[PDB]
């Protein structure tokens, strides 16, 4: 474990960090605290900490409270070793179509959803821990476009609502090495046959 070279620093920001297409923002272990961008409550008018344009990547940051509106992903994004110390309204939202992968890192203290999927996408969560959350993944309510979710080597503890919820019959969830402790229900999809192991 080579600790990142910005470890121990705290970057205080006052606007959304925009990562452009083809860029990788590498925080090298920096912790970010946002000011004037929200309080991390359930209010829907907060700003995202990061906006990842299509084809942009993000790695090696710790997002401190307040989590605001977390990370907005416009598709074809890799989000690697990001730690949400205290999720805000939500941790990450898929805002436009593409593949989005969350690999490594962890999330704690999500009052509602950790990941909100608001456009058709392929959404993978890999080597990830979350504790004290309402839901790990929510396809935006009452939408019927298709998402495909993969949960691979995911460990969850204290899930108040469910692991994942969608109102879309054509969406699917696939999981592989999923460990869940203390959860109300695992999956709230129209039918349980939308959920698969692999």
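Residue numbers count along the first chain shown, from 1.
- Across the two stretches, 158-166 and 40-48, the PDB entry reports the greater mean Cα temperature factor for 40-48.
- A summary of the deposited B-factors shows that, of 52-60 and 132-140, the stretch with the larger mean C-alpha value is 52-60.
- The entry lists a Cα temperature factor for residue 25 that places it in the highest third of the chain's modelled residues.
- In the deposited entry, the Cα temperature factor of residue 68 places it in the middle third of its chain's modelled residues.
- Among the modelled residues of the chain, residue 96 sits in the highest third by CA temperature factor in this PDB entry.
- Sort the modelled residues of the chain by CA B factor and residue 32 lands in the middle third.
- In this PDB entry, the Cα temperature factor of residue 16 sits in the top third of its chain's modelled residues, the highest group.
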